[PDB]
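Novice: these chains are from a complex, not moved at all, and more is on the way:
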Amino acid sequence: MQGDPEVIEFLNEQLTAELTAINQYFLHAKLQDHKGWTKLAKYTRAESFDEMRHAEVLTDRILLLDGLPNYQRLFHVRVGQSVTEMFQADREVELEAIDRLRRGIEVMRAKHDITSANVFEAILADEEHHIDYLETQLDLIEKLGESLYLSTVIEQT
Amino acid sequence: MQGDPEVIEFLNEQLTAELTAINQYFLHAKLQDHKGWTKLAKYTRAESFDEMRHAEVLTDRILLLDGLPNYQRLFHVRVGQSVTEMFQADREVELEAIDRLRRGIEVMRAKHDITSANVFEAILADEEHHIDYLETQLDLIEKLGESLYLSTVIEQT
């Protein structure tokens, strides 16, 4: 079994996006922990681990179709200074991923490849959940404020 | 055993009120949880299940008297945007229920039907407790403020 070139192209582009997300989420988690915002750091670390799981699934699927995964290419990694900036950078990454996933699902399903489409469907569900969380947190920061919001995630130990 | 039409009318009106309360409380709990106010959402959910218990008891009593419960009629369901508005809507519902319960208890007890009166007495006690809680929370919001009050009911997960 060999897949079409286009399906493998879509899978490789998604894999590159997943690797970039892993790097960005880890850097942000370390930066947050360094400043004393422990409760945010735990969540960001967990999200990075989720990105690793997605990347492994994509690699498995690519290999099963007699392809060569791309572990050399990266996109642009965004680094933030405030907390609002970190949230906005994550939002940008997630939106790009969602659009790509929808287009890929359509194209793959149009060529009689169902397992790849199901892989993207699961990834799409997870991405939508994460983007929902990010938007909620941005709304909370807007309502409360930087200092009053930050006083609830700092811990003494 | 066949009760008077008026006692069944009172019981059916109370049942309609309880169903409307179930709807409103569950919707409010979902809306609060969506925004990140977790500790409020737990309490609102518990209140909705109390509405469970009240409605089921009323249905049992109506059926025992050879009547037909009304599961088709609803009152007006109020939806709030802030937190103060949600509290005020709940307050309105509770006050209406309390007045109806008192009038019904008098009328029923005047016709030699004691079990129905006891049912309303228990429901009345519970409603008074809930209205007390709501008024206390409104006072707290007034004293502290919206932002400072809201910072105490938000978690990360």
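Specialist: Sure, I can see it. Residues are numbered from 1 along each chain as shown, chains lettered A, B, ... in the order given.

Novice: contacting residues around residue A:117?
Specialist: A:105, A:108-109 (C-beta atoms under 8 Å, 6 or more residues apart in numbering or on different chains). In this view, the C-beta of every residue, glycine as well, is placed from N, C-alpha and C.

Novice: By neighbour count, which of the residues you listed wins?
Specialist: residue A:108 (23 neighbours; other C-beta atoms under 10 Å in any protein chain shown).

Novice: picking up where we left off before, closest one of the contacts of residue A:117 to residue A:5?
Specialist: For residue A:5, the closest of the contacts of residue A:117 turns out to be residue A:108, at 12.4 Å, with distances computed as C-beta to C-beta.

Novice: Residue A:81: neighbouring residues, count only.
Specialist: Going by other C-beta under 10 Å, the residues that sit close to residue A:81 add up to 8.

Novice: nope, residue A:63 is what I meant
Specialist: With neighbours defined by other C-beta under 10 Å, the count for residue A:63 comes to 11.

Novice: Over to residue A:140?
Specialist: Summarising burial for residue A:140: neighbours were counted as other C-beta under 10 Å, giving 18.

Novice: Excluding chain neighbours, what is closest to it?
Specialist: The spatial neighbour of residue A:140 that comes closest, neighbours along the chain excluded (C-beta to C-beta, 6 or more residues apart in numbering or on different chains), is residue B:36 at 5.5 Å.

Novice: Got phi/psi on that neighbour?
Specialist: phi 100, psi 10 (degrees, to the nearest 10).

Novice: can you give me the helices in chain A?
Specialist: Under the criterion DSSP state H, chain A contains helices at A:5-35, A:38-64, A:83-109, A:114-144, A:146-150.

Novice: Switch those over to CSV; also include distance to residue B:60.
Specialist: As requested, the helices of chain A are exported to CSV (distance: least, C-beta to C-beta, whole Å):
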stretch, distance to residue B:60
helix A:5-35, 54
helix A:38-64, 46
helix A:83-109, 50
helix A:114-144, 41
helix A:146-150, 48
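
Novice: build in chain C:
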Amino acid sequence: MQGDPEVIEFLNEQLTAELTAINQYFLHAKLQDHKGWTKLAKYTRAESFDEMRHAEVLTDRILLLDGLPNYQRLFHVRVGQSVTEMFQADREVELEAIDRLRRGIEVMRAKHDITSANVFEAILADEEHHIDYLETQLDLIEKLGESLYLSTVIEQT
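Specialist: Adding chain C to what we have so far:
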């Protein structure tokens, strides 16, 4: 993320149907229990709880797309008096739901919204299972009879 008006319209119509089903099933369970048919009552109660879970899932999906769930609507609620009539009313409700679900799945999937389509697919599977059970029970009643069928669900304890 904001969905199309039509997807939200489909979701709201399904939510109204779910609420109507909850009411009808719970009333039927209470009516059956009052008459001494115990095992039927247990089964009907479980089915009503299933409908409750479906409604909660629909509400979550509607809220995630920046919509307003409709908790004020209600279709016509059918009430039966013998076992055959109860089974037939449930059958009518289920058939309507299945047709609506199929049409909605097509329309949603044609607009690049996959998660909503998956929600309806799961709901459709459950509806088909329930309709199968109802048809089997109607066949059994026809073969055995009302009295000989009812003697097997009556318990005394």
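
Novice: Could you re-examine the contacts of residue A:117 with chain C now present?
Specialist: Counting by C-beta under 8 Å, 6+ apart, the residues that residue A:117 touches are A:105, A:108-109.

Novice: Would you quantify the distance from it to chain B?
Specialist: For residue A:117, the distance to chain B under the criterion C-beta to the nearest C-beta, to the nearest Å works out to 30 Å.

Novice: Which residue lies nearest the spatial centre of chain A?
Specialist: By C-alpha atoms, centre = their mean, chain A has its centre lying nearest to residue A:21, at 4.8 Å.

Novice: Pull the contacting residues for that residue.
Specialist: Under the contact definition (C-beta under 8 Å, 6+ apart), the residues listed for residue A:21 are A:51, A:93, A:97.

Novice: I'd like to know which of those is nearest to residue C:137.
Specialist: Taking C-beta to C-beta as the measure, residue C:137 lies nearest residue A:97 of the contacts of residue A:21, at 48.0 Å.

Novice: How many residues are close by the closest one?
Specialist: The local packing count at residue A:97 equals 23, with neighbours defined by other C-beta under 10 Å.

Novice: show me what contacts it?
Specialist: Applying C-beta under 8 Å, 6+ apart, we find residue A:97 in contact with A:14, A:17, A:21, A:123, A:127.

Novice: and the fourth one, how many residues sit next to it?
Specialist: By other C-beta under 10 Å, 21 other residues sit near residue A:123.

Novice: Show the contacting residues for it.
Specialist: Residues in contact with residue A:123 (C-beta under 8 Å, 6+ apart) are A:14, A:54, A:57, A:97, A:101.

Novice: cool, and the last one?
Specialist: Neighbour list for residue A:127: A:94, A:97-98, A:101 [criterion: C-beta under 8 Å, 6+ apart].

Novice: and what of the second one?
Specialist: Residue A:17 is in contact with A:75, A:93, A:96-97, A:100, counting by C-beta under 8 Å, 6+ apart.

Novice: So which bits of chain A are right by chain C?
Specialist: Within chain A, the residues that sit near chain C (C-beta under 8 Å from any C-beta of the partner chain) are A:102, A:105-106, A:121, A:124-125, A:128, A:131-132.

Novice: and chain D, same structure:
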Amino acid sequence: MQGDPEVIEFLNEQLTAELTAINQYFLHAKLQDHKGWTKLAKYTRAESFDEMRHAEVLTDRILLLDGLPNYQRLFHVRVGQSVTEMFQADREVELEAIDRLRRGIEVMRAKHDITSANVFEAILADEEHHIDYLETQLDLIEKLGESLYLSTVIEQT
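Specialist: Let me add chain D to what's already shown:
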């Protein structure tokens, strides 16, 4: 609920294929165990049991649509002498099944029947996994050789 004749035709053809696979896999497992290749025999038995699970699911789906499962006809059952021949026969069976499954999924989904399509999708995923395993084993036999490969799957007991 009655399905279209074509969907039932597809399901019955898949059921016949599943029964033929059960027979072939179990015969191969017995033949391998007779010769002293124990670790191969365990795997082959497990695969035959999986084919049974698939057949039972297909029968359930066919019955739910008011159809008559076909438990009478069989395809051609292939028997091998070496180990390479057994692997090649299994490969042929799997490839035929995969092509049929893809065509059927398209046709079914084009007629507004989703549950049948999901059944075929799950079966397709499992078939692809098994074909992957078979191709890997054939590559290993080619690289090492038949004697050196066979020395690793024999025990005394």
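
Novice: In light of the added chain D, please revisit the neighbour count of residue A:63.
Specialist: Other residues within reach of residue A:63, judged by other C-beta under 10 Å, total 12.

Novice: no wait, residue A:24
Specialist: Applying the criterion other C-beta under 10 Å, we find 23 residues in the vicinity of residue A:24.

Novice: any idea how far the residue nearest to the centre of chain A lies from residue C:133?
Specialist: Using C-beta to C-beta, to the nearest Å, one gets 45 Å for the distance from residue A:21 to residue C:133.

Novice: Residue A:88 too?
Specialist: As defined by C-beta to C-beta, residue A:88 lies at a distance of 51 Å from residue C:133.

Novice: Kindly report the same for residue A:33.
Specialist: Shown here: residue A:33 relative to residue C:133, a distance of 54 Å by C-beta to C-beta.

Novice: next one: residue A:56
Specialist: 41 Å.

Novice: can you check residue A:140 too?
Specialist: Applying C-beta to C-beta to residue A:140 and residue C:133 gives a distance of 46 Å.

Novice: again with residue A:117
Specialist: As defined by C-beta to C-beta, residue A:117 lies at a distance of 32 Å from residue C:133.

Novice: Any idea how many residues pack against residue A:95?
Specialist: If you count neighbours by other C-beta under 10 Å, residue A:95 ends up with 14.

Novice: got a list of what the residue lying closest to residue A:18 once chain neighbours are set aside touches?
Specialist: Counting by C-beta to C-beta, 6+ apart, residue A:55 is the residue found nearest to residue A:18 once chain neighbours are left out, at 4.1 Å. Contact analysis of residue A:55 by C-beta under 8 Å, 6+ apart lists A:15, A:18-19, A:22.

Novice: go with 10 Å
Specialist: For residue A:55, the contacting residues are A:14-19, A:21-22, A:69, A:71, by C-beta atoms under 10 Å, 6 or more residues apart in numbering or on different chains.

Novice: and chain A, which residues reach chain B?
Specialist: Among all residues of chain A, those adjacent to chain B (criterion: C-beta under 10 Å from any C-beta of the partner chain) are A:38-40, A:42-43, A:132-133, A:136-137, A:139-140, A:143-145, A:148-149, A:151-153.
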